[PDB]
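Here is the structure we will look at.
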Amino acid sequence: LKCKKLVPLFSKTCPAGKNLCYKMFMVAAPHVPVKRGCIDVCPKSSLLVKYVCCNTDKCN
């Protein structure tokens, strides 16, 4: 499982524990990411920010 990091240049493979990819963006522009990292348990979303999780390579 290899996804992109905060910077759309360097990639890292989620180590043992995390097998999902998390992405943080504003509930307005889905084509406009903000942060990107790995995660284990998909957190909850808010009315402001939204954390979409996916179980695919280079999803976030």
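Even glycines carry a Cβ here, placed using N, Cα and C.
The disulfide bond annotation in Swiss-Prot covers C3-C21, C14-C38, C42-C53, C54-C59 and rests on experimental evidence.
Overlay of Swiss-Prot annotations on the structure.
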residue	record	CB count, 10 Å
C3	disulfide bond	23
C14	disulfide bond	17
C21	disulfide bond	24
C38	disulfide bond	19
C42	disulfide bond	14
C53	disulfide bond	16
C54	disulfide bond	14
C59	disulfide bond	16
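Checking the disulfide-bonded residues (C42, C53, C54, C59) against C14 (disulfide bond) with a 10 Å Cα-Cα cut-off leaves nothing. For the pair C59 (disulfide bond) and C3 (disulfide bond), the Cα-Cα distance reads 7 Å. Considering only the disulfide-bonded residues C21, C38, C42, the residue whose Cα is spatially closest to the Cα of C54 (disulfide bond) is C21. In this structure the alpha carbons, written CA, of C42 (disulfide bond) and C3 (disulfide bond) are 15 Å apart.
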